[PDB]
């Protein structure tokens, strides 16, 4: 319901010594599901707090629709006037308050009567399917129920924007799938603009329609998840969005050489970094007669693993320590020599310089 325009936003700490965010530019569309991915310390929470209005840009401006909300160290529209709901990385339900009281809390000074408060809480409780446990204390609720109460609390003032800072971190795995689905269902039910942050890529493919990657305070790439996956601007972005094999080779007239392997791509530097995802590699004991796979050379199996019902096969080129891993329904014993094939249009190459 609200468009977020981030114009040249920077944020410093330690009197300037630490640049948490450096000239960030992004336009998040109204009603969009937007994700931010980046390593620990990249500036995700700092970004979220600036959007929430809990902090301000040191330089630059922030607009909600055409409304200036912060500018160069000044808060123009305070958090309480921004129509935002948040579930922060270290969110906590008040242990001594029931679910009702936890959800009602944000309404205490909103000039609404007891009846108006009850009606609003029950309404959002129904949306989150926890209307039946409103009288329970948080310790009496399941993990899923707790997450629902936290969401209801963030949605009780009818916000236009919902901010989630690493929401599915306190989850095991079965719960994560469920929690991700819930976030999507309630974003649909209310139409809110949604910003979610994480150092975990699974949440991004699950929830986000567009994603921004933050590295050391810099927004290095923005695009649809599949765009970042297939066309990463760097090997670092490549690895953040998904598994990838990273190899360093010498640039040659014929291609990039890594031991006995030769990849048919080129850059400019004398050295190159090759990125190849596991699904874009295939191993074989004989030549593959398929124009969709390209032979890059011989390899030797180093070790095999077994996870997720699949075998993880790790090989190295002849005369190299560089590893390449892939997944297969069938195993190949260590020490066996194999032909290594790749999807050519899927080879990612970057300068080492």
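Numbering follows the first chain given and starts at 1.
Novice: Compare the mean C-alpha B-factor of 259-267 with that of 178-186 as given in the PDB entry, and name the stretch with the higher value.
Specialist: Taking the mean C-alpha B-factor of 259-267 and of 178-186, the larger value falls to 259-267.
Novice: Out of 100-108 and 234-242, which one has CA B-factors that are higher on average in the deposited record?
Specialist: Stretch with the higher mean C-alpha B-factor: 100-108.
Novice: With respect to the C-alpha temperature factors reported in the PDB entry, which of 309, 43, 57, 297 ranks highest?
Specialist: The listed residue with the largest C-alpha B-factor is 309.
Novice: Tell me which of 218, 74, 250, 83 tops the list for C-alpha B factor in the record.
Specialist: 74 has the highest C-alpha B-factor of those listed.
Novice: Quick check for you: using the entry's CA B-factors within this chain, is residue 29 in the lowest, middle or highest third?
Specialist: It falls in the middle third of the chain.
Novice: Can you tell me whether residue 337 has a C-alpha B-factor in the lowest, middle or highest third compared with the other modelled residues of the same chain?
Specialist: For residue 337, whose C-alpha B-factor we compare with every modelled residue in the chain, the answer is the lowest third.
Novice: Which third of the chain does residue 344 land in by C-alpha B-factor: lowest, middle or highest?
Specialist: Answer is highest: the recorded C-alpha B-factor places it there.
Novice: Lowest, middle or highest third: where is residue 11 by C-alpha B factor in its chain?
Specialist: For residue 11, whose C-alpha B-factor we compare with every modelled residue in the chain, the answer is the middle third.
Novice: Would you mind ranking residue 282 by its C-alpha B-factor against the rest of the chain and naming the third, lowest, middle or highest?
Specialist: Answer is lowest: the recorded C-alpha B-factor places it there.
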